[PDB]
Amino acid sequence: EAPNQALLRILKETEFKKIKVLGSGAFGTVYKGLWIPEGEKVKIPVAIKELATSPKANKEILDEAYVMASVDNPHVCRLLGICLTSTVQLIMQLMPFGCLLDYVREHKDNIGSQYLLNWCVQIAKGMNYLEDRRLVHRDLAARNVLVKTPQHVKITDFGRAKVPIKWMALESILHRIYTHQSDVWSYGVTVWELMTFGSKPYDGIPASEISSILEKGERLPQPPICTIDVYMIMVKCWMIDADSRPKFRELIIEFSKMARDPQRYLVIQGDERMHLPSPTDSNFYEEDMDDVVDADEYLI
Ligand SMILES: Cc1nc2cnc(Nc3ccnc(NCC(C)(C)C(N)=O)n3)cc2n1C(C)C
């Protein structure tokens, strides 16, 4: 097939600074940072992901670097570059509001129908782009959707892009079969996570029981804010037959139609009166805020 002419940018350790720690987990440790390239007179807010140095861990991070440098879409997280230290670190775009999962949990009282439906449209767009680029995500979840601004979200975590059982299609659990249609199942679960304001899917149920539960016909419940219209979509993503599930291009269409009249498709008490931060807010954007540009506007 087509040759991957993507550019792997090698960045000098001296070109960027680590400010603080954003989070630590299974992935490793992510730092808030700033990138001041050569003599460009720009400051790019960055996120620095770093891994003991072992040949296997370096291979896995470089396998993720490959995939992340090969994407370019407004609703997908691109790799800005890599730094070849003893540790070896990925330089990514700063998504100041963190993951969508923690965002919906922390801001449920100010999250309205317009926001939820727009996020659904955005995730479907990024997913449809990954399909166009013939990339199967294999780990789509609300935890792997990051927030640039409350009105702009992007898909991340390409560590599995080529086990999260409670987000997996039945074929994936039973036969380790992963398709773009299996990503659609994970999409349905991600939507459920948003519509419930960050609830844990199949909470208290052990992962070993999931396979049997889905085989019987059991699915995630209808969230209280969901009309049958939205839940029907979620259910369609969870069909046994992968071809019967909606395509991401249809999900963009479906959620966009709904996003044009959000109160007809999501019932939230206090809707419209709710408001989240915007670039039209006072002090929305620590040291020198003079020459700072977002990575989406920094293009060499
Ligand atoms: C609290 C917080 N603030 C952030 C600001 N910016 C990023 N930037 C990016 C950009 C692309 N990819 C990632 N990595 C997400 C990981 C791999 C940590 C994941 N599995 O969620 N972070 C990540 C941030 N977080 C956590 C998800 C670690």
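- Header annotation of the entry names X-ray crystallography as the structure determination method and lists the resolution as 2.70 Å.

### Focus: the packing of aromatic side chains
Reasoning step 1: Applying the stated criterion across every chain yields a total of eight aromatic pairs.
Reasoning step 2: Plain terms: the ring middles of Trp35 and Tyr298 are 5.4 Å apart, the flat faces sit at 85° to each other, and that makes the pair edge-to-face.
Reasoning step 3: Between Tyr103 and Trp119, the aromatic rings sit 6.1 Å apart at their centres with planes inclined by 85°, giving edge-to-face as the arrangement. Taken together, the residues span a long stretch of sequence, with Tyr103 in helix α2 (residues 100-107) and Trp119 in helix α3 (residues 113-132) at a distance of 16 residues.
Reasoning step 4: Site record: aromatic cluster; members linked through ring pairs are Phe97, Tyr103, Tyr115, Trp119, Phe284 and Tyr285.
Reasoning step 5: Across the ring face of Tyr31, the terminal group of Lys18 is positioned such that the distance to the ring centre comes to 5.3 Å.
Reasoning step 6: Sitting above the plane of the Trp167 ring, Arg143 keeps its charged end 5.5 Å from the centroid.

### Concerning the pairing of strand β1 (residues 16-24)
Reasoning step 1: Relative to strand β2 (residues 29-35), β1 is paired through seven bridges, and the arrangement is antiparallel. What sits directly across from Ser24, in β2, is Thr29.
Reasoning step 2: Here β1 folds back onto β2, and the loop between the two strands holds four residues, one of which, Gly28, carries a positive phi near 150°.

Cut-offs applied
Residues numbered from 1 in each chain as written, not as in the entry; some residues may be left out. Heavy atoms only, no water. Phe/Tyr/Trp six-rings, centres within 6.5 Å; stacked < 30°, edge-to-face > 60°. Helix = DSSP H or I, 4+ residues; strand = E, 2+ residues; numbered from the N terminus. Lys NZ or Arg CZ within 6 Å of the ring centre and 35° of its normal. Pairing = 2+ DSSP bridges.

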